[PDB]
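Listed here are the chains, written in short residue letters.
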Amino acid sequence: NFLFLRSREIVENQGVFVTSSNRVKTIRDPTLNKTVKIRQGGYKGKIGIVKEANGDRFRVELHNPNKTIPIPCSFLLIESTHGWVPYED
Amino acid sequence: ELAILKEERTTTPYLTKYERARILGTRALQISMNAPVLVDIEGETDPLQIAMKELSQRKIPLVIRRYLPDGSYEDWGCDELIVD
Amino acid sequence: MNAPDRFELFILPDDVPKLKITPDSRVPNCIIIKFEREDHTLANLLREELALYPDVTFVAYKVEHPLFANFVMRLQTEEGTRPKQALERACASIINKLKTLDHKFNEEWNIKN
Amino acid sequence: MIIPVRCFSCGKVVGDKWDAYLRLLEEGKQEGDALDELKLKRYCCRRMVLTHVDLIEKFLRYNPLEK
Amino acid sequence: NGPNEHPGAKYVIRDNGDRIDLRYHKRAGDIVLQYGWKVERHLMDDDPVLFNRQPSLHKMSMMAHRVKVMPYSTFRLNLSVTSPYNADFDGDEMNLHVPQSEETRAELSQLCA
Amino acid sequence: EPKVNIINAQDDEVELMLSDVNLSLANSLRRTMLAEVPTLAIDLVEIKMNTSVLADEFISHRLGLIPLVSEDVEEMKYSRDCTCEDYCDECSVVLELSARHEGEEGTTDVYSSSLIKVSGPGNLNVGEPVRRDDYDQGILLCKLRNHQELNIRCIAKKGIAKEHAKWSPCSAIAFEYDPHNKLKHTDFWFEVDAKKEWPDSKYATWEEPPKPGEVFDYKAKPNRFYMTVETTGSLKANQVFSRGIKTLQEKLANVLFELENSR
Amino acid sequence: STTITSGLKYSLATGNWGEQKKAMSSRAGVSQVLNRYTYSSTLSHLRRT
Amino acid sequence: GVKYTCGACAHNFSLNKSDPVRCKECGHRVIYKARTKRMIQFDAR
Amino acid sequence: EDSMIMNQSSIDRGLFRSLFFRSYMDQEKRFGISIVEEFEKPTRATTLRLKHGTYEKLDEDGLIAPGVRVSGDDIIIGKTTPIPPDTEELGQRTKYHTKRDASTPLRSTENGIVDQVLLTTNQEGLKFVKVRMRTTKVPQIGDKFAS
RNA sequence: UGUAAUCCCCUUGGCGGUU
Ligand SMILES: [Mg+2]
Ligand SMILES: [Zn+2]
Ligand SMILES: [Zn+2]
Ligand SMILES: [Zn+2]
C-alpha cells in the first residue's frame with residue numbers, strides 16, 4: 001500500500017517521500033494469422049487472413065484485391081481441420 | 001530609459017498584418033491552454049475563431065512592444081490599436 | 001490504394017437517409033431536396049417532367065462532384081401548391097408513362113414476332 | 001497476348017471470332033471483307049480484331065515448367 | 001475510432017510528454033482524456049496546410065490552402081492557381097507541409113492564404 | 001400518349017422508334033439499359049491448378065467477362081441481401097472448368113463451352129454460358145500444350161454495370177433524333193457549303209426535309225427518337241428494353257415511397 | 001590468373017574504365033545496365049554513343 | 001519435407017535441408033519450389 | 001492543363017491494364033571457418049531483434065511458397081546469422097538467443113502474389129534464392145499516358 | 001492459463017522525372 005512520490009518542489013531526499021495509497025487521490029488471440037472466410041456483408045465468400053485482433057473488430061487482408069479491411073467477429077468463418085467453423089474457434 | 005512615453009509615440013496607430021497574425025496566434029494558443037475568455041461565446045468552439053471574436057471587440061489583453069532600430073521601444077495596447 | 005469501393009455508388013448506408021428535404025427560406029414556397037446514391041438518370045427525368053407543370057415556377061438540379069454519387073434539387077411552386085405534392089405528382093406521372101410505354105412495346109413486339 | 005473477350009469501347013464480344021477471322025483470311029478474303037462477314041460494323045470493334053497481335057503462340061513454344 | 005477509421009487519431013500525449021500509441025493499445029476505449037492533453041488526430045477538412053512546388057522562384061510558389069479529403073491518390077487544385085505555381089497536370093508533383101501548432105496555423109491562415 | 005414503333009427485331013438487337021416522349025425520358029431509358037439492368041456474371045474464381053502460360057488473375061479477368069444466360073435473374077437475390085452463411089443456391093451459381101492437353105504434340109484450345117454448371121437455383125434458367133448455336137465453341141479462354149492443365153471453380157453472382165462493366169447486358173445503344181436539324185440543336189462546321197460536306201443520317205428518309213422557304217420554328221421540341229439496342233446474348237433485346245423500363249419504374253416508386261414515408 | 005579476370009570484371013561491372021586503385025581520374029559510365037523496359041528501349045540503348 | 005521441381009527436366013522431388021541443391025536425376029543446379037496447397041481466390045475483376 | 005478523361009468501362013474491360021513483376025535476391029554469406037548464415041524460419045525464442053512483420057507465411061526451409069498472397073513488411077526470406085551466446089545458459093532452459101535475424105521483408109508500399117521461387121547455389125557453393133512477386137496495375141487517376 | 005514481436009549502413013556511380 002506504499003507509494004513512492006517524487007516532486008521537484010520538495011528538496012528533502014531529492015523530492016522523494018513515501019505516502020500510503022489510501023491517502024491520495026488521482027489528479028492470446030488464437031485466430032491471428034489464420035485463414036478466414038466472410039459470410040455476411042459486402043464481401044461474402046472472400047478468403048482472407050486475420051492481421052489485427054484487438055477486439056470485436058478484426059483486420060482481415062483480402063486475397064482477391066490488394067487491400068485490408070476491418071470486419072466484426074460475427075462476420076467471420078475461421079478455417080479448421082474439418083471445414084469451416086463460425087466464431088467459436 | 002529605453003521605454004518611450006505614451007505622449008511621444010510616433011509609430012503607426014494601426015495594427016499591422018504581422019502584429020494581427022501574431023496576436024491571433026498567441027491568443028488562440030492561450031485559449032487552447034484554458035485561459036479565461038473575455039467575450040461571450042454563442043456557439044463557437046474553435047480557439048482561433050474565439051480569438052478573432054475577441055479582437056473584433058477590442059478585448060484581447062495583450063500588449064505589442066514595437067522595437068525601434070536603436071533599441072528603444074513603444075508599448076501599444078491591443079485595445080488602442082486600430083484594426084481593419 | 002485510395003480507390004473507393006464500386007458498390008458505394010448505389011448501396012445506401014444505414015445511417016444515411018435516401019432523401020433529405022430542407023426548406024429554402026430566401027424565396028417563398030421553395031424546398032431543397034438532397035438525393036443520395038443517385039445521378040443524372042433520375043435527376044434529369046424528374047427535372048424535365050416537373051418543368052412542364054404550370055404550378056412549378058422553378059426546378060433545377062446539380063451534381064456537386066462526379067466522384068460522389070448524389071445530387072441536390074431545388075423546387076419552387078406557386079402559392080396554392082406545396083412542392084412535395086408536385087414532386088409526388090411528377091413521380092406518378094412518369095410511372096404511368098413508363099407503364100403505357102411498356103404495354104405498347106409488348107404489343108408491337110408480339111405483332112412483329 | 002490473346003484476343004480480348006470484349007471490345008474495349010462498346011463491349012461487343014469479339015473473343016469468339018478470332019478463329020473464324022483466321023479461317024476467312026486463309027481462304028483469300030481481304031481483311032475488310034473478313035471483318036464485314038463477321039458482322040463487325042463499328043470501327044471500334046474492327047480495330048480490336050484488326051490490330052491484335054497473338055503473342056501466346058510465342059509463349060507456348062517454351063517447354064512447360066512442370067510435368 | 002482509432003488510427004484506421006476516418007476521422008481518427010494516432011497518438012494521445014499526456015502532460016508529462018509520454019506518448020500513447022493507439023495501434024498497440026488493447027484498451028483504447030478505456031482511455032479518459034484530461035484537459036491539457038494532446039490528441040494527434042487525423043488531418044480533417046478546412047485544416048490550413050502549406051502547399052509548394054519546386055523550383056520556388058517567388059513567394060507565390062508557397063501558399064496555404066484548406067484541406068478537403070477526397071478519394072484516389074492525387075492532390076487536386078483549382079485550375080486558377082496553376083499559374084502562380086507554374087504547374088500543369090502532365091506529371092508534376094507538389095509538396096504539402098502541415099503546421100503543428102495554433103500559432104503556426106494562425107500564421108498560415110492569416111498571411112500565406 | 002407515348003408510342004413505340006419497331007423497325008427491325010432480332011434476338012440480339014431491336015431497332016425501334018419512340019415518339020411523344022420527352023428527350024429526358026428516352027435518355028434515362030438508354031442510361032438505365034446501359035448500366036442498371038441486373039445480369040449474372042462470374043465474380044469469384046478459385047484456382048485449384050493453373051499451369052498455363054497465362055497469369056491466374058489474367059484468366060480470372062477473362063472469365064469475369066464471359067456472358068452468362070441471365071433470363072431468370074429477377075428471382076435470384078443479391079449476395080449481400082442473402083442471410084445464408086457463405087453462398088447458397090439462391091444467391092450464386094457455381095460453374096466448374098477443367099481442361100488438359102493429352103499427348104506430346106499439338107495445342108489445345110480452352111473454350112467457354114467447357115464451363116459446366118454444377119449448382120444453382122432450382123429450375124431457374126440462369127448460369128449457362130451464352131452460345132450462339134449448338135455447335136458454337138464460344139469465347140476462347142486459354143491455350144494449352146502438353147502437361148499443362150487448368151482446373152478452376154467459378155461462382156457467378158447478380159449485379160449491375162455500375163459496379164463493373166462485366167454485368168452490362170448491352171454493348172452499344174445507338175441513339176439519334178432530328179436527322180434534318182430542324183431544331184437547330186447543332187451548328188454544322190464547314191469549309192465551303194455545310195449541306196454537301198456532311199453525310200446524311202441513316203434515318204433522313206423518315207422525316208420530310210425542311211422547305212426552302214420555311215421559317216425557323218421556335219415552338220418545336222424533339223419528338224421522335226431512333227434507338228438501336230444491341231445485347232451480348234445474356235438477355236434478349238426485348239427483355240433488355242422491358243427490364244430497363246421496369247428498373248426505372250422501381251426507382252421512381254422507391255423515391256415516391258421515401259417521400260410518402262418522410263412525413 | 002586473377003589479375004586480368006578481376007580487372008576486366010571490375011571495369012565491366014562498375015563502368016570505371018581503368019585499374020581498380022585508380023578509380024579517380026578514370027573515364028566513368030562506359031559500361032551501363034542494359035535497359036529492358038521495352039524492346040525499342042533495348043535497341044536504342046545498344047546503339048548509343 | 002517440401003517439394004521442389006527441377007529447372008530442366010521438371011522432375012519433382014524433396015529435400016531435407018541438408019542435401020546439396022541439385023536435381024537427383026539430371027544434376028541441374030537450379031530448382032524451383034512447388035505451389036502452395038492453400039486456397040487461391042480471385043475477384044474476377 | 002494536359003489532363004485527360006478515361007472511360008471507366010473500357011478500363012473494366014482491360015484497357016491499358018498491365019502486369020508487374022519484382023524479384024528479390026538473397027544468399028548465405030560465409031564469415032569464417034564455421035560461421036555461416038542459414039535459411040530458416042526464425043523463432044521468437046532462439047533469435048533476437050526480429051522484424052515487426054509476420055513470419056507465418058514462411059515454409060520449413062525459410063522460403064515462402066509460390067501462390068501465397070503477400071502484403072507490405074511481410075517476411076518472404078527467413079535468414080539468421082549466428083551470434084556468440086551470452087551468460088543466459090545460467091538458468092535458461094535452452095531458450096537463449098544464439099542467432100540474430102537477417103530476414104528480407106517485402107517492400108512496405110508493395111503487395112502481390114508470390115509468383116516463382118528459385119533456389120540454387122552461388123559460385124562459392126552456398127545457398128542462393130530469388131523470389132519473384134507478381135501484381136496487376138489497373139489505370140487510375142494520376143497515371144501517365146502519352147501519344 | 002500459456003501468452004507473441006519492434007529494427008537498419010555508408011560511400012559511390014549510373015539512369016531517369018518536373019521545371
Ligand atoms: Mg509539366
Ligand atoms: Zn466495339
Ligand atoms: Zn444465399
Ligand atoms: Zn532435373
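What the entry reports as its method is cryo-EM, with 3.9 Å given for the resolution.

Before going further, it helps to spend a moment on the UniProt feature "binding site: Zn(2+) 2" (unreviewed entry) in chain H. Residue and element names in this part refer to chain H. When the UniProt feature table is mapped onto this chain, "binding site: Zn(2+) 2" (unreviewed entry) is found at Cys23 and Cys26. By the element assignment, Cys23 lies in the loop between β2 (12-15) and β3 (30-33). Beyond its immediate sequence surroundings of up to four residues, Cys23 is in contact with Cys6, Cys9, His11, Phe13, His28 and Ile31. Note on placement: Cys26 falls in the loop between β2 and β3.

Turning to empty space enclosed by the protein, a few remarks are in order. In this structure, the largest cavity spans a volume of roughly 100 Å³. What lines the largest cavity is a set of 13 residues, among which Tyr4 and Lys17 of chain H together with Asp61, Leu119 and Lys127 of chain I lie closest to the centre. Sorting the residues of the lining of the largest cavity by element identifies β1 (2-6) of chain H together with β10 (127-137) of chain I as the ones contributing at least two each. Residue composition of the lining of the largest cavity, by class: eight nonpolar, one polar and four charged. One number sums up the size of the second largest cavity: a volume of about 40 Å³. In terms of lining, the second largest cavity is formed by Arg6 of chain D together with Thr39, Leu40, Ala41, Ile66, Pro67, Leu68, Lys166, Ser168, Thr232 and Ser234 of chain F. In terms of residue count, strand β3 (residues 39-50) of chain F provides more of the lining of the second largest cavity than any other element does, three residues in total. Of the residues that make up the lining of the second largest cavity, three or more belong to each of domain 1 (1-38 + 166-263) and domain 2 (39-165) of chain F.

This part is about the sheet that holds strand β2 (residues 38-39) of chain I. Spatially, the four strands line up as an open sheet ordered β2-β6-β7-β3 (chain I), and their pairing is mixed. Strands with a single pairing partner mark the edges of an open sheet, and in this sheet they are β2 and β3 (47-48) of chain I.

A full pass over the atoms with the stated rule returns 65 salt bridges over all chains. Where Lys84 of chain C meets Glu88 of chain C, a salt bridge forms, and the shortest distance between an N and an O atom there is 2.9 Å. Placement of both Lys84 of chain C and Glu88 of chain C in helix α2 (residues 83-112) is noted, with a separation of four residues, approximately one turn of the helix. What you see here is one network of salt bridges that share partners, running through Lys18, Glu38 and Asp39 of chain C together with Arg31, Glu36, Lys162 and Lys251 of chain F.

All names here are of chain H. Donor atoms from the polypeptide that bind the zinc ion (ligand 4) are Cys6 (SG), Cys9 (SG), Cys23 (SG) and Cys26 (SG), placed at 2.3 Å. Seen from the zinc ion (ligand 4), its four donor atoms lie at angles of 103 to 111 degrees, and the figure they make is tetrahedral. When the donor residues of the zinc ion (ligand 4) are listed from N- to C-terminus, their spacing reads C-x2-C-x13-C-x2-C. On the criterion of sequence distance, the pair formed by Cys6 in strand β1 and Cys26 in the loop between β2 and β3 is long-range, its members being 20 residues apart. The exposure class of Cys6 is buried, given its relative accessible area of 2%. Owing to a relative accessible area of 39%, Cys26 belongs among the partly exposed residues under this scheme.

Let's shift gears to the protein's contact with RNA strand J. Taken together, 15 residues lie near RNA strand J, and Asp90 and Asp92 of chain E together with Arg44, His52 and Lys144 of chain I sit nearest. The sugar-phosphate backbone supplies 55% of the atoms of RNA strand J found within 4 Å of the protein. One of the side-chain N or O atoms of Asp90 of chain E is found 2.7 Å from a phosphate oxygen in RNA strand J. The side chain of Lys144 of chain I places a nitrogen or oxygen atom 2.8 Å from a phosphate oxygen of RNA strand J. Residue classes in the surface near RNA strand J are distributed as two nonpolar, three polar and ten charged.

Below, the discussion takes up the layout of surface pockets. Of the pockets and cavities examined, the second largest pocket occupies roughly 1500 Å³. Along its surface, the second largest pocket is lined by 50 residues, and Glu66 of chain D, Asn50, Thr51 and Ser52 of chain F together with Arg35 of chain H are the ones closest to its centre. Put simply, the parts of the chain that give the lining of the second largest pocket at least two residues each are β3 and α2 (56-64) of chain F, β1 and β3 of chain H together with β1 (18-27), β9 (112-121) and β10 of chain I.

Once that is clear, we can look at the coordination of the zinc ion (ligand 2). Residue and element names in this part refer to chain D. At this site the zinc ion (ligand 2) is bound by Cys7 (SG), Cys10 (SG), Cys44 (SG) and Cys45 (SG), with donor distances of 2.3 Å. Given four donor atoms and angles of 101 to 114 degrees at the metal, the environment of the zinc ion (ligand 2) is assigned as tetrahedral. Spacing between the donor residues of the zinc ion (ligand 2) along their common chain follows C-x2-C-x33-C-C. A residue pair is termed long-range when its members are at least 10 positions apart, and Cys7 in the segment before α1 (18-26) and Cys45 in helix α3 (residues 43-50) qualify at 38 residues. Neither residue differs from the other here; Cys7 and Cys45 are each classed as buried.

Rules used in this analysis
Residues are labelled from 1 along each chain in written sequence order, independent of how the entry numbers them, and those without coordinates are excluded. Chain A is the first chain written and ligand 1 is the first ligand written, with later ones labelled in order. Part of a larger assembly is shown here, and the values speak for that part only. To obtain the side-chain values, all non-hydrogen atoms of the structure were used and water was disregarded. UniProt positions are given in the numbering used here, feature names are shortened, and annotations may be inferred rather than shown by experiment. Elements are defined by DSSP. Helices are runs of H or I of four residues or more, strands are runs of E of two residues or more, and each kind is numbered from the N terminus. Contacts are assigned to residue pairs with any non-hydrogen atoms lying within 4.5 Å of each other. Using a grid of 1 Å spacing that covers the protein atoms alone, one calls a set of points a cavity when a 1.4 Å probe fits there but cannot get out, and a pocket when the set is open and has protein on both sides within 12 Å along at least five of seven lines; lining residues are those with an atom within 4 Å of a point. Grid points are joined across faces, edges and corners, and a volume is the space filled by probe spheres set on the points. Under the grouping applied here, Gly and all other residues not named as nonpolar or charged are polar, the nonpolar ones being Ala, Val, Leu, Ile, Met, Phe, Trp, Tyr, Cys and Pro and the charged ones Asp, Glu, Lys and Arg. The start and end points of each domain follow an automatic or database-based domain assignment. Any two strands are treated as partners once DSSP identifies two or more bridges connecting them. Salt-bridge detection follows one rule: a side-chain nitrogen of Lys or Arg within 4 Å of a carboxyl oxygen of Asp or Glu. Here a donor is any nitrogen, oxygen or sulfur atom (N, O, S) within 2.8 Å of the metal, with 3.2 Å used for Na, K and Ca; water is not among the atoms considered, so some sites may look incomplete. When four donors show all angles between 85 and 135 degrees the site is tetrahedral, when four or six donors have opposite pairs over 155 degrees and all other angles between 65 and 115 it is square planar or octahedral respectively, and in every other case it is irregular. Remark: exposure states derive from per-residue accessible area (1.4 Å probe, protein chains only) relative to the maximum for the residue type, with buried under 20%, exposed over 50%, and partly exposed in between. A single heavy atom is enough: if one lies within 4 Å of a molecule or strand, its residue is considered near that molecule or strand. In the analysis that follows, any N or O atom pair within 3.5 Å is treated as a polar contact, provided that within protein one partner can donate a hydrogen and the other can accept it, and provided that, for residues neighboring in sequence, both atoms belong to side chains.

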